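Contents: one structure, followed by commentary.
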Amino acid sequence: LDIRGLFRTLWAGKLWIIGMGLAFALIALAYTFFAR
Amino acid sequence: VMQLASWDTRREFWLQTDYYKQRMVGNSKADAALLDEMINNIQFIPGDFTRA
Amino acid sequence: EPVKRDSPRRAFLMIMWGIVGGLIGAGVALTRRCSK
(Lines give C-alpha, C1' and ligand atoms only; values in the text may rest on other atoms or scores of the structure.)
Protein backbone atom coordinates (compact mmCIF):
# COMPACT_ATOMS: atom_id res chain seq x y z
CA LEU A 1 0.00 0.00 0.00
CA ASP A 2 1.68 3.18 -1.28
CA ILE A 3 0.20 5.65 1.18
CA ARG A 4 3.07 8.03 0.35
CA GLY A 5 1.97 8.18 -3.28
CA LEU A 6 -1.69 8.35 -2.26
CA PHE A 7 -1.20 11.57 -0.29
CA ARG A 8 0.07 13.33 -3.42
CA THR A 9 -3.07 12.25 -5.29
CA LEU A 10 -5.41 14.03 -2.88
CA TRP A 11 -3.02 16.98 -2.51
CA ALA A 12 -3.19 17.62 -6.26
CA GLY A 13 -6.89 16.71 -6.35
CA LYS A 14 -7.77 18.80 -3.30
CA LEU A 15 -9.93 21.04 -5.50
CA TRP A 16 -12.08 18.08 -6.59
CA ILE A 17 -12.67 16.84 -3.03
CA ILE A 18 -13.54 20.32 -1.76
CA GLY A 19 -15.47 21.24 -4.90
CA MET A 20 -18.16 18.56 -4.68
CA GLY A 21 -17.67 17.34 -1.11
CA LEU A 22 -19.16 20.58 0.19
CA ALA A 23 -21.87 20.28 -2.47
CA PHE A 24 -23.24 17.24 -0.63
CA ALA A 25 -23.54 19.37 2.51
CA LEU A 26 -25.32 22.05 0.47
CA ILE A 27 -27.66 19.39 -0.95
CA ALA A 28 -28.65 18.26 2.55
CA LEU A 29 -28.85 21.85 3.84
CA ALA A 30 -31.97 22.51 1.75
CA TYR A 31 -33.37 19.18 2.98
CA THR A 32 -33.43 20.61 6.52
CA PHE A 33 -35.83 23.36 5.40
CA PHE A 34 -37.86 20.71 3.54
CA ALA A 35 -38.59 18.73 6.73
CA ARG A 36 -40.72 19.25 9.81
CA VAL B 1 -19.75 -3.08 58.67
CA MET B 2 -21.62 0.01 57.50
CA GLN B 3 -19.51 2.16 59.81
CA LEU B 4 -16.34 0.45 58.56
CA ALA B 5 -17.07 1.07 54.89
CA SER B 6 -18.19 4.69 55.30
CA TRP B 7 -16.05 7.54 54.01
CA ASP B 8 -17.02 9.75 56.96
CA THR B 9 -15.63 7.30 59.51
CA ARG B 10 -12.30 7.14 57.69
CA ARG B 11 -12.10 10.93 57.45
CA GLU B 12 -12.94 11.46 61.12
CA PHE B 13 -10.44 8.79 62.14
CA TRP B 14 -7.61 10.27 60.08
CA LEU B 15 -8.37 13.78 61.36
CA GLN B 16 -8.01 12.50 64.94
CA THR B 17 -4.94 10.26 64.71
CA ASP B 18 -1.41 11.53 65.34
CA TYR B 19 -0.14 9.89 62.14
CA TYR B 20 -1.78 12.71 60.16
CA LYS B 21 -1.38 15.70 62.49
CA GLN B 22 2.41 15.38 62.48
CA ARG B 23 2.36 15.23 58.66
CA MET B 24 0.47 18.52 58.30
CA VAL B 25 2.31 21.06 56.16
CA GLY B 26 0.28 24.15 57.10
CA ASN B 27 -1.16 24.75 53.61
CA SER B 28 -4.88 24.04 53.34
CA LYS B 29 -4.69 22.55 49.84
CA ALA B 30 -1.75 20.31 50.74
CA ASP B 31 -3.48 19.13 53.92
CA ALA B 32 -6.68 18.36 52.01
CA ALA B 33 -4.73 16.45 49.36
CA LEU B 34 -2.89 14.44 52.02
CA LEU B 35 -6.12 13.63 53.85
CA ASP B 36 -7.83 12.51 50.64
CA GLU B 37 -4.82 10.38 49.72
CA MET B 38 -4.85 8.69 53.13
CA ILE B 39 -8.61 8.10 52.88
CA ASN B 40 -8.06 5.63 50.05
CA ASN B 41 -5.31 3.94 52.08
CA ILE B 42 -8.06 2.06 53.95
CA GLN B 43 -9.90 -0.38 51.68
CA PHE B 44 -12.86 -2.51 52.76
CA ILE B 45 -13.38 -5.76 50.83
CA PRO B 46 -16.89 -7.16 51.48
CA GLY B 47 -17.22 -10.88 52.06
CA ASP B 48 -19.43 -13.49 50.42
CA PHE B 49 -21.11 -16.30 52.34
CA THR B 50 -21.34 -18.48 49.22
CA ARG B 51 -17.55 -18.67 48.79
CA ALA B 52 -16.95 -18.72 52.58
CA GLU C 1 -14.60 20.29 48.65
CA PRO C 2 -12.99 18.38 45.75
CA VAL C 3 -9.23 17.99 45.95
CA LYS C 4 -8.71 18.47 42.21
CA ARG C 5 -10.64 19.56 39.15
CA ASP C 6 -12.49 16.92 37.14
CA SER C 7 -11.81 18.87 33.93
CA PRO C 8 -10.16 19.81 31.62
CA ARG C 9 -7.25 17.80 33.16
CA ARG C 10 -4.41 19.20 31.02
CA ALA C 11 -2.26 16.10 31.51
CA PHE C 12 -4.88 13.78 30.02
CA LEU C 13 -5.45 16.15 27.09
CA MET C 14 -1.75 16.63 26.29
CA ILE C 15 -1.14 12.90 25.83
CA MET C 16 -4.28 12.22 23.79
CA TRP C 17 -3.82 15.22 21.50
CA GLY C 18 -0.05 14.71 21.35
CA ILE C 19 -0.51 11.09 20.29
CA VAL C 20 -3.04 12.16 17.65
CA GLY C 21 -0.65 14.92 16.60
CA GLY C 22 2.15 12.37 16.58
CA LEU C 23 0.14 9.98 14.41
CA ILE C 24 -0.49 12.56 11.68
CA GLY C 25 3.09 13.78 12.12
CA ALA C 26 4.30 10.27 11.34
CA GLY C 27 2.15 10.25 8.21
CA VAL C 28 3.58 13.55 6.97
CA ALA C 29 7.12 12.22 7.36
CA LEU C 30 6.04 8.86 5.91
CA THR C 31 4.52 10.38 2.76
CA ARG C 32 7.61 12.42 1.81
CA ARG C 33 9.89 9.39 1.40
CA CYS C 34 8.45 8.33 -1.96
CA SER C 35 8.04 11.96 -3.06
CA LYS C 36 11.80 12.09 -3.69
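Lettering and numbering for the C-alpha coordinates are positional, with chains as A, B, ... in the shown order, residues counted from 1 in each chain, and ligands counted from 1 in the shown order.
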Would you give me, as a PyMOL selection string, the residues of chain A that come within 9 Å of chain C, using only C-alpha atoms?
chain A and resi 2-8
Helix (DSSP H, G or I) per DSSP on the backbone: members of chain B, as a ChimeraX atom specification:
/B:2-5,7-16,18-21,28-39
One number please: CA of residue 4 in chain C to CA of residue 33 in chain B, in Å, one decimal.
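Answer for the CA of residue 4 in chain C to CA of residue 33 in chain B separation: 8.4 Å.
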Range 6-18 of chain B environment, 10 Å, only C-alpha atoms, sequence neighbours closer than 4 positions dropped, as a list in words
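Using only C-alpha atoms, the neighbours found are residues 1, 2, 22, 23, 35, 36, 38, 39, 40, 41, 42, 43 and 44 of chain B.
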Please identify all residues of chain B having at least one atom at most 12 Å from any atom of chain C, considering only C-alpha atoms, and return them as a PyMOL selection string.
chain B and resi 28-37
Tell me, in Å to one decimal, how far CA of residue 20 in chain A is from CA of residue 1 in chain A.
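Distance reported for this atom pair: 26.4 Å.
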